[PDB]
Amino acid sequence: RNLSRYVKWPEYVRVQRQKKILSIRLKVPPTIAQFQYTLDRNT
Amino acid sequence: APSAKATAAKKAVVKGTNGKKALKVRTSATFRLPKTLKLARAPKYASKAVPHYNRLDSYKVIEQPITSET
């Protein structure tokens with residue numbers, strides 16, 4: 001069995017992954033979050 | 001319809017086909033420090049630049065013969 005979800009990761013790794021999770025899950029003002037209505041690619 | 005072909009194409013044009021991940025097997029519960037490069041010293045200067053000489057040469061070791069009767 002591969003147990004990649006079960007491992008004890010390092011600390012800063014835990015911080016940054018949880019941080020991105022948190023910034024996802026948080027309600028946001030409209031001032032920021034005009035960011036990530038950001039530009040597409042070919043342009 | 002689902003238009004699965006065309007929404008795949010949508011995802012293609014909007015992300016640019018760089019859309020999968022190389023999933024790594026990770027089996028150890030604990031992750032450890034990677035074994036990395038470890039040099040040895042190249043001093044620009046020596047520590048004292050002169051070796052001290054033989055501290056403990058023989059003429060200094062042997063102080064004396066005893067001259068007693070036993």
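Just so it is clear, none of the values below were taken in a lab; they were calculated from the coordinates. Neighbour counts are summed over all protein chains in view; Cβ atoms, including those assigned to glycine, are modelled from backbone coordinates with ideal geometry.
Per-structure values
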item: C-alpha center-to-center spacing [chain B, segment A:1-39] in angstrom; result: 31 Å
item: Ranked A:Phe35, B:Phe31, criterion: other C-beta atoms within 10 Å, fewest first; result: A:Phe35, B:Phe31
item: For chain B, size of Cβ-based charge dipole, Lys and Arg +1, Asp and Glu -1, in debye; result: 1480 debye
item: Point-to-point label distance, B:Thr67-B:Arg55, nm (Cα→Cβ direction, 7 Å offset); result: 3.1 nm
item: Normalised per residue, the volume of the convex hull around the Cα set of the protein assembly as shown (Å³); result: 439 Å³
item: Zone of A:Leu26's modelled label, taken as backbone nitrogen in segment A:1-18 under 16 Å from a point 7 Å along Cα→Cβ; result: A:15-18
item: Overall Cα dimensions of chain B - principal axes, largest extent first, Å; result: 119, 36, 11
item: ³J(HN,Hα), Karplus 6.51/-1.76/1.60, whole Hz, each residue of segment B:3-8, x for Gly, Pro; result: 6, 6, 4, 7, 7, 4
